[PDB]
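Remarks on the structure that follows.
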Amino acid sequence: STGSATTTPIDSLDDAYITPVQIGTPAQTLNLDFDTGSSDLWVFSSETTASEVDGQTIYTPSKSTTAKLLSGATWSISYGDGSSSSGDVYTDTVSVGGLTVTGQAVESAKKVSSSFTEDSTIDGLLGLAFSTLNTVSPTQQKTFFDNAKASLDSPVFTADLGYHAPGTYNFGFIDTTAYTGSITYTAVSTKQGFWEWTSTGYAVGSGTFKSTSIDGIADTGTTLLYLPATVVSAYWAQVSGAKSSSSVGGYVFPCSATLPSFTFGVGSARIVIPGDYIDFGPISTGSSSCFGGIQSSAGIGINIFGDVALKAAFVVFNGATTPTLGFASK
């Protein structure tokens, strides 16, 4: 089998991407944030504290003839941005772009933190990291991809995120029309539960390529590109007036600037992020200070190839017995 679904930016900045997902019988369609940096499929629901729902579409298990309470199971997750959610668990039928999994753990939120409430466009998350990170207790549950894998034509999914435009998540096949050149594959460590790999270096604008190993994660659920402070300083030093602002929380730059590109290495191959992809707009409405799309990972503990980087590439998440990642230009 295969599946194919369009993923759409939630706003004019590509702050995140939502993909429609069918849950239950009859189908309830919710718009979920596909997150290769986590491993829980959780949704706003009829059980979510009413004051914490503000415009999201909710899953109502009582209206699904295929929903079953997973007795005794609870979940609770905290994300790198400080947000969190928790609740109980049902199993139900879940379909993405025509690909159906029966018995998928659907984690129903009883509580969500303020940032989820305040974002009316995201109805939940669909985790696509390794199932070892799933938070369901006392019986850990498998991701949608893990449950579907055996049925897929090939044990892969691909992320093709757009810049200020829709893109595509495919399951089970690699669309050879969706990229240019060849796909370069690179090793993955699953030891932290992530799609963790090692970039071979970087360049800023038309500058020379610096060969240096940068370990990080391919994370569709993180907006920006988070890299070591040395790399980030080298980038922003090429933008007149750019500076790191502790009050704003990262590098800002004059909105009048033209940003240089940023290249990252995948083995001997190179992915070029155009400068425009690094512009996240005014820090506050009407400001002439703009927020940068490349930020330091120094306070995180891991480098993160978020949407800023991934949207410049066609990315293969290869879930073969030994997982690997593939990147192609497009």
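When the letters of the sequence shown are read in order and numbered with PDB author numbering, they come out as residues 1 to 330. No residue lacks a Cβ here, since even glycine has one placed at the ideal position from N, Cα and C.
**Request:** Have a look at residue 10 and residue 125 and give me their C-alpha separation to the nearest angstrom.
**Result:** 14 Å
**Prompt:** Apart from the five residues on each side of it in sequence, which residues of its chain come closer than 6 Å, Cβ to Cβ, to residue 223?
**Reply:** Here the set comprises 15, 306 and 307.
**Request:** Look at the alpha carbon of residue 100 and the alpha carbon of residue 73, and state the distance between them as a whole number of angstroms.
**Result:** 23 Å
**Message:** Residues in the same chain with beta-carbon distance under 7 Å from residue 371, minus the five sequence neighbours each way, listed in chain order, please.
**Reply:** The first residue shown for the chain is 1 and the last is 330, placing residue 371 beyond what the model contains.
**Prompt:** With a Cβ-Cβ cutoff of 8 Å, do residue 106 and residue 316 count as a contact?
**Reply:** no
**Asked** Which runs of the alpha helix (DSSP H), 4 residues or longer, sit entirely within the region 261-313?
**Response** 307-310
**Asked** With residue 220 and residue 159 assumed to form a contact (beta carbons below 8 Å), what rounded beta-carbon distance in angstroms separates them?
**Response** Right, the Cβ-Cβ distance comes to about 6 Å (below 8 Å), so this counts as a contact.
**Asked** Along the chain, which unbroken stretches of the beta strand (DSSP E) at least 3 residues long are found entirely within the region 42-69?
**Response** none
**Request:** List in chain order: all unbroken alpha helix (DSSP H) runs of 4+ residues lying wholly within the region 223-258.
**Result:** 229-236
**Item:** Which of helix, strand or coil DSSP assigns to residue 27
**Value:** coil
**Of the residues 80, 292, 30 and 75, the one placed nearest residue 90, counting alpha carbons only** = 75
**Prompt:** What is the residue span of the alpha helix (DSSP H) that residue 144 lies within?
**Reply:** 144-148
**Request:** Within the same chain, show all residues whose beta-carbon is closer than 6 Å to that of residue 329, passing over the 5 residues directly before and after it, in chain order.
**Result:** 180 and 181
**Asked** How many whole angstroms separate the CB atoms of residue 7 and residue 166, which I take to be in contact at a CB cut-off of 8 Å?
**Response** 6 Å
**Neighbourhood of residue 84 by C-beta distance below 6 Å, restricted to the same chain and skipping five residues each side** = 78 and 113
**Asked** Under the three-state reduction of DSSP, which class applies to residue 213: helix, strand or coil?
**Response** Strand, per DSSP.
**Request:** Output yes or no for whether 8 Å exceeds the beta carbon distance between residue 133 and residue 218.
**Result:** no
**Request:** At 4 residues or longer, and completely inside the region 89-139: list those alpha helix (DSSP H) runs for me, N to C.
**Result:** 114-117
**Asked** Based on Cα-Cα distance, which residue from 237, 187, 236 and 207 lies nearest to residue 213?
**Response** 187
**Prompt:** Buried or exposed: residue 70, going by 16 or more other Cβ atoms within 10 Å of its Cβ?
**Reply:** buried
**Three-state class that DSSP yields for residue 154 in the structure shown** = coil
**Message:** Per DSSP, what are the beta-bridge partners of residue 184 in this structure?
**Reply:** 327
**Asked** Expressed to the nearest angstrom, what Euclidean distance is found between the alpha-carbon atoms of residue 97 and residue 314?
**Response** 18 Å
**Item:** Residue from 237, 209, 260 and 54 whose Cα sits closest to the Cα of residue 269
**Value:** When each option's Cα is compared against that of residue 269, the closest is 209.
**Prompt:** For residue 87, which beta-bridge partners are listed by DSSP?
**Reply:** 75 and 109
**Asked** Is it the case that the Cβ atoms of residue 46 and residue 109 are separated by a distance below 8 Å?
**Response** no
**Message:** Is it the case that the region 48-57 contacts the region 141-148, given that we only count it when at least three CB pairs across the two stretches are under 8 Å?
**Reply:** no
**Message:** DSSP three-state label for residue 163, please.
**Reply:** coil
**Request:** State yes or no: is the C-beta of residue 127 within less than 8 Å of the C-beta of residue 41?
**Result:** yes
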